[PDB]
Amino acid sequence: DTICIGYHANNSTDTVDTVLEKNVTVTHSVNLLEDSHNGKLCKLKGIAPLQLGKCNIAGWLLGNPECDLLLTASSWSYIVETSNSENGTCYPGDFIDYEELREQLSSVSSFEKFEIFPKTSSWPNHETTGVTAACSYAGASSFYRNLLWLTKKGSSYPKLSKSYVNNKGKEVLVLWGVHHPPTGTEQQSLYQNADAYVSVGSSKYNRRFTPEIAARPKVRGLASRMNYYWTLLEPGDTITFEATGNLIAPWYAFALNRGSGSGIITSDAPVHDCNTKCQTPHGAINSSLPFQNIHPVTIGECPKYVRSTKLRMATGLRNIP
């Protein structure tokens, strides 16, 4: 007649590491490391991301002709660019404070494009029809949809003055451009005034531009340049444009409420109707575990990224059958 004290054993092959010993087989264990993802780009905070398709953010805002068929919502929790987003500023030049603008637009809650300076009534004495082969629509010369290239009507480019008052009850994003001919000849051919200037001002923003006439290497066949500028006009504020030449004028602008603390994801993963608390460029992941090895770059409330391939915690005891 005997009674024995003992402990559980089973067929479990689970192994864990301990400080004294590697590869110890235990009866039960749990994973602390989130090692999988769903291969989709999902909604953050119940809101879908902005998808730009062929276009990057610059192309979308300026209205690059390749961006015509994009469907933009009035809100997004973050922005998705793909390896297919090539269509930017098709007219060569510099986009000023571009990274900043991208950051500040990464999430918005009520976004609308509207016509700030209507094409039909705004410029009776200037030509609005200018295009370029550098910005092509189906193999034909075209231009940005949201801007208008103002050149001289007949022999002259009269001084223009235009103001917009922000009555939208939210911030208004206004973009414009300044054109820089390679030669004094082209300057007169386009704007007639050799002495031309552009001035833009608001309660905050104040800047003056003059044409920089210089020989340059050709980009997309052009020795000319076009620089792009923007500002966020506060509710109630006014923005005023003056030019004797070279202004690429606002046509459409954007009214919005900026969100905060989001960002841009670059991924070819398909966007879907799922919800997640943590988005990765590879796909969405569960946020319940404390650590994840899926990707160093995330957006959300996320497990901490670690280099570990394995973090496994013993719950049960040494399995010795």
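One-based numbering along the sequence shown.
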Averaging the C-alpha temperature factors as deposited, the higher value of 108 to 116 versus 171 to 179 falls on 108 to 116
So, looking at the entry's B-factor column for Cα atoms, which has the higher mean, 204 to 212 or 183 to 191? 204 to 212
From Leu62, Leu70, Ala269, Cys278, the top C-alpha temperature factor is at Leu70
According to the Cα B-factor stored in this entry, which of the following is highest: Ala284, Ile265, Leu50, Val26? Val26
The third of the chain into which the C-alpha temperature factor of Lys304 falls is the lowest
Could you place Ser260 in the lowest, middle or highest third of its chain by Cα temperature factor, using the values in the record? highest
Should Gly93 be placed in the lowest, middle or highest third of its chain by the C-alpha B factor in the entry? lowest
Using the B-factors in the PDB entry, rank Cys274's C-alpha atom against the chain and give the third, lowest, middle or highest. highest
Quick check for you: using the entry's CA B-factors within this chain, is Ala58 in the lowest, middle or highest third? lowest
